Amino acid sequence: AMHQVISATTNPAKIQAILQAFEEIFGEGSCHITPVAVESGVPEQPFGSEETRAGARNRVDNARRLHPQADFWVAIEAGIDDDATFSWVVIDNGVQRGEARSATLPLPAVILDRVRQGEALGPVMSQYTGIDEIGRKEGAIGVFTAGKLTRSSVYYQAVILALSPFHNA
């Protein structure tokens, strides 16, 4: 038997975080991840924590509508707030929901000035660093931490944390 985990994203950094976290909690080889492209119903990279979480919740709901027979539906939505980037993780098993926010990454003013004329962080960071599609790789996190952390390793903790309701009490 396997836990069917629908990942509401095709971004490889996010899929890695989800797979590794689910395997750590439920065991190696226990989970099958199906990546799906679904809409959040709002623009990519919401401004504000609550709005970002709303995007993630919307993605989970839409993933459930698309793949109703699975065991878990998971989204990781990146947003901006208090001059930082972060993500919300939302996990639903059809009955219970677990949610956690990732650690924040303070952004430099020169990058914030751009995200505040509406630009997505990824493209801005790709121009700043010269690394194409930086958000599918190690991310702004990778760059500013000199590779000591990555998008994936930070999202990993957040997924583990959001999994708490599904294995305690």
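Throughout, we count residues from 1 along the sequence that is shown.
For the pair 130-138 and 63-71, the mean Cα B-factor is higher in 130-138. When 4-12 is weighed against 159-167, 4-12 comes out higher, by mean CA B-factor as recorded in the entry.
For the set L105, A54, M125, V115, the maximum C-alpha B-factor listed in the entry falls on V115.
Remark: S152 belongs to the highest third of its chain, ranked by C-alpha B-factor as recorded. In the deposited entry, the Cα temperature factor of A100 places it in the lowest third of its chain's modelled residues.
When the modelled residues of the chain are ordered by C-alpha B-factor, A37 sits in the highest third. In the PDB entry, a CA B factor belonging to the middle third of its chain's modelled residues is recorded for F26.
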